[PDB]
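Colleague:
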Amino acid sequence: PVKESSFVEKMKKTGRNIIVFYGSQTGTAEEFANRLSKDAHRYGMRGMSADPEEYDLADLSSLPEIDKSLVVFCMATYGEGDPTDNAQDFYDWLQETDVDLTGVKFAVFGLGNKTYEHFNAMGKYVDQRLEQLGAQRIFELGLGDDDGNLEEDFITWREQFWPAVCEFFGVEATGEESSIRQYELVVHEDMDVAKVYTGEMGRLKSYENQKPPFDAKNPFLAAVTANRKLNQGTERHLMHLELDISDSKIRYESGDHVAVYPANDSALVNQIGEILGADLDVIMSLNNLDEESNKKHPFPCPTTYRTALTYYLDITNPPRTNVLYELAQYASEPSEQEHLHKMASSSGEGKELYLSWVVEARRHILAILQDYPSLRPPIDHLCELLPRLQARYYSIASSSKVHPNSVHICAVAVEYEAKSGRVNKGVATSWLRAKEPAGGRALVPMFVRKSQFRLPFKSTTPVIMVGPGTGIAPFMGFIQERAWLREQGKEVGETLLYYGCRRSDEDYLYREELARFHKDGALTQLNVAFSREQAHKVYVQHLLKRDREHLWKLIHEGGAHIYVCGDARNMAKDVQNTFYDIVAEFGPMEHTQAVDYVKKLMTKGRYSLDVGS
Ligand SMILES: Cc1cc2nc3c(=O)[nH]c(=O)nc-3n(C[C@H](O)[C@H](O)[C@H](O)COP(=O)(O)OP(=O)(O)OC[C@H]3O[C@@H](n4cnc5c(N)ncnc54)[C@H](O)[C@@H]3O)c2cc1C
Ligand SMILES: NC(=O)c1ccc[n+]([C@@H]2O[C@H](COP(=O)([O-])OP(=O)(O)OC[C@H]3O[C@@H](n4cnc5c(N)ncnc54)[C@H](OP(=O)(O)O)[C@@H]3O)[C@@H](O)[C@H]2O)c1
Ligand SMILES: Cc1cc2nc3c(=O)[nH]c(=O)nc-3n(C[C@H](O)[C@H](O)[C@H](O)COP(=O)(O)O)c2cc1C
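The authors' numbering puts the sequence shown at residues 63 to 500, 504 to 678.
1. Report yes if the C-beta distance between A490 and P362 is below 7 angstroms; otherwise report no.
2. For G77 and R108, what's the separation of their Cα atoms in angstroms?
3. To test your reading of the DSSP string, which unbroken beta strand (DSSP E) runs of 3 or more residues are found completely within the stretch 449-494?
4. Rounded to whole angstroms, what is the Cα-Cα separation between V605 and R613?
5. Candidates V528, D207, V64, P225: which alpha carbon is nearest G174's?
6. Could you tell me which residues DSSP pairs with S436 in its beta bridges?
7. DSSP three-state call for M137: helix, strand or coil?
8. Counting along the chain, where does the alpha helix (DSSP H) carrying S328 start and finish?
9. If we count Cβ pairs, one from each stretch, closer than 8 angstroms, do we get three or more for the stretch 190-199 versus the stretch 165-172?
10. Taking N592 as the reference, give the member of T560, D570, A120 with the closest Cα.
11. Between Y455, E213, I537, which lies nearest to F512 when the distance is taken from Cα to Cα?
12. List the whole-angstrom C-beta distance separating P440 from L389, where the pair is believed to meet the contact cut-off of C-beta under 8 angstroms.
13. Anyone know if the C-beta pair for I345 and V258 falls short of 7 angstroms?
14. Any idea what DSSP makes of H319, helix, strand or coil?
15. Quick check: is any heavy atom of ligand 2 less than 6 angstroms from the C-beta of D675?
16. Leaving out five residues on either side along the sequence, give the residues of the same chain with a beta carbon under 6 angstroms from the beta carbon of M530.
17. Tell me whether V474, by its Cβ, gets closer than 6 angstroms to a heavy atom of ligand 2.
18. CB of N175 to nearest heavy atom of ligand 3: below 6 angstroms?
19. Consult DSSP for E92 and reduce its assignment to one of helix, strand or coil.
20. Could you name the residues that DSSP lists as bridge partners for residue 501?
21. Pull up the DSSP beta-bridge partners for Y564, would you.
22. Could you check where the alpha helix (DSSP H) with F543 kicks off and where it finishes?
23. If you run the structure through DSSP and keep just helix, strand and coil, what is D209?
24. Kindly indicate which residue of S123, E93, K100, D352 has the alpha-carbon position closest to the one of residue 501.
25. Within 10 angstroms of the Cβ of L351, are there 16 or more other Cβ atoms? Answer buried if so, exposed if not.
26. What does a CB cutoff of less than 6 angstroms around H426 pick up in its chain, not counting 5 residues either side in sequence?
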């Protein structure tokens, strides 16, 4: 990872006084940065965004060489309160450096989520650390809560931030407003076909010419071997997929995640085009008007609107306030121009409307286009606004020791009645479902992501796995592997599964496979919880609570490892208590002593989580 030159120097040479580093994976932090960066301009200053992984943040000490200089960090938290991948260098650095940042003015906005225990560790860290080094805080730390509404949290913060800035430095709010574009449109007519991106993510033609290694930037088109329906009932659609990675040299261990780069719904794309009156089959490119930025285009180019809407753009999520504000200009009917503008208010009714009519109603772009017919923006400007389509992750359901040449996926297809009035569909799950094992084959641009979730190294350590619904996913690989080790002579301690589902004839995933593993003995216990076969709910905690005596015997004496995968707002929290209570009873020990004991197993590597909401 060859770093770029002193960003301070670039700022000097490009007349910029504020830089906004973004630490993110799904791009939300990146978005905020770009917004905060563009914002800078309307207040007499000029800023720029930047990936800290491309620079050496050691130069912060040089930043004071620029008048009215100030750095801003938009950081998100992951894993064990860990930084985003790209924010890793920055982190390790802040920890090891002793550098003096005297004269450095900063501000930090962190993206977190209250379900997790390490709420905005990064944000809190950077803010607090930069001070210890010497830099002076120009504005309070921002704690954005995604479980509530990060967007609004950002708004509220941003709104107070600029004035503070303006005041500390004595600068004007320079009239504000009047749309400013980032890219410039360039339509191509002669464009040699063989050089137009068709949905590749990295180098031109990387999808056709597959050359390792394969990473997020160079995914590996994997053939869909099997795509079966796992649920017996019809309430929902749960599926088991098997991606063939032969000849990819891609390594992986049960507990890792695999990511996919899906394609939006054809019909949904056609309509956006149609309702705008634009020819989606036009070949074009959006070159940055700043001939200095490294981000030459909003996405791969040259390409066609259809390709961008289909593979490069997120056209299904609720548009964020700034995208709607920018569009307000393209709505002829005033009534509508107003709502759109108002969408980015910090408070008032504008806020409530953006919160219920857009977010709560899950209204995506096309929906808003249909509901505000006077809104007919230019297709090229829309693409510059829409955010980038992300890859979806999946707990690899298989074990490397048994399926080295294949990755398995257990997923629940997303589909629901939105209050917007229509039916929304999960981008990747709908895409995945439509893959028929069968150019001709069914390929899925994927790539693996290593994780922390891992079976114990020592084959005799007791494993306790709590994974209701699709939470069982990673655990299918766990059991396969522990089954293997036994067929390999290896001595295997207890292996217990604590699974859950509605009814044994609705969503009892791997009812049969799990039946085998149990019969043969691979699974010491197979405690399953049918939450709907009786008046009262029977969740997995109840089972854990039921086996308190035994579990505590492997946790406290057998040094067993606890694994938790699935829902994070409830399932995980409820389970975590039950463990507090098991420890507190059989300890014995007050709640506090127990809560700690558990959290220790958590840090001492014996209690792993892998939840989301
Ligand atoms: C580390 C990790 C591991 C994961 N492992 C798995 C796994 O093993 N199996 C699996 O199925 N998924 C897993 N996921 C979730 C997975 O990545 C996808 O989010 C999921 O498959 C749906 O993606 P989609 O693109 O089809 O849906 P999208 O189009 O992206 O839509 C999903 C979004 O729609 C919204 N939504 C969903 N239902 C409703 C509703 N009823 N009403 C209103 N809004 C709603 C939510 O905001 C949700 O985030 C994992 C995620 C992470 C981060
Ligand atoms: N981050 C990850 O790695 C990961 C992996 C898998 C799933 N998930 C997340 O979990 C959510 C749902 O997953 P899912 O569809 O697969 O599960 P699910 O089908 O919705 O539910 C599975 C089982 O859990 C039960 N349940 C509901 N509330 C519970 C509680 N408080 N304690 C214990 N069991 C409870 C259900 O019963 P009832 O419905 O009848 O109440 C059912 O028996 C999604 O939001 C998804 O993001 C995250
Ligand atoms: C796998 C995963 C792990 C997360 N872990 C944490 C965490 O430990 N602490 C926290 O405060 N937020 C956590 N979050 C929430 C994110 O910090 C939040 O969604 C943020 O907006 C992500 O930023 P991005 O879009 O810029 O990548 C996690 C999200 C995911 C999907």
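All C-beta atoms, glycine included, are put in the ideal place defined by N, C-alpha and C.
Modeller: Judging by the given coordinates:
1. No; because the gap between Cβ atoms is not below 7 angstroms, this pair is not in contact.
2. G77 and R108 have their C-alpha atoms roughly 7 angstroms apart.
3. Qualifying beta strand (DSSP E) stretches, in chain order: 454-457, 468-474, 477-479, 485-487.
4. Here the alpha carbon of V605 sits roughly 13 angstroms from the alpha carbon of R613.
5. Minimum Cα distance to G174 is reached at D207.
6. Looking at the DSSP assignment, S436 forms no beta bridge with any residue, so it has no partner.
7. Three-state DSSP puts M137 in a strand.
8. Taken as a continuous stretch (DSSP letters only), the alpha helix (DSSP H) holding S328 covers 328-338.
9. Three or more beta-carbon pairs drawn from the stretch 190-199 and the stretch 165-172 are found closer than 8 angstroms, and the two stretches are therefore classed as touching.
10. Comparing Cα positions, the closest option is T560.
11. Taking only the C-alpha atoms, the option nearest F512 is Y455.
12. The pair is not a contact, with the Cβ atoms about 10 angstroms apart (cut-off 8 angstroms).
13. Cβ distance < 7 angstroms, so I345 and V258 count as in contact.
14. The answer is strand: DSSP assigns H319 an E or B state.
15. Yes, Cβ of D675 sits closer than 6 angstroms to a heavy atom of ligand 2.
16. Around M530, the same chain offers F540, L562, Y628 as residues with beta carbons nearer than 6 angstroms, after the five sequence neighbours per side are excluded.
17. Because some heavy atom of ligand 2 lies under 6 angstroms away, the Cβ of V474 counts as near it: yes.
18. At least one heavy atom of ligand 3 lies closer than 6 angstroms to the C-beta of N175.
19. Note: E92 maps to helix in three-state DSSP.
20. Residue numbering in the chain breaks between 500 and 504, and residue 501 falls inside that break, so it has no position here.
21. Beta-bridge pairing links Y564 to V593.
22. Membership of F543 in the alpha helix (DSSP H) is indicated by the continuous run 537-552.
23. In the structure shown, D209 sits in coil (DSSP, three-state: anything other than H, G, I, E or B).
24. Coordinates for residue 501 are simply not present: the residues of the chain run from 500 and resume at 504.
25. Burial check for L351: the Cβ neighbour count within 10 Å stays below 16, so the residue is exposed.
26. Excluding positions up to five away in sequence, the list reads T378.
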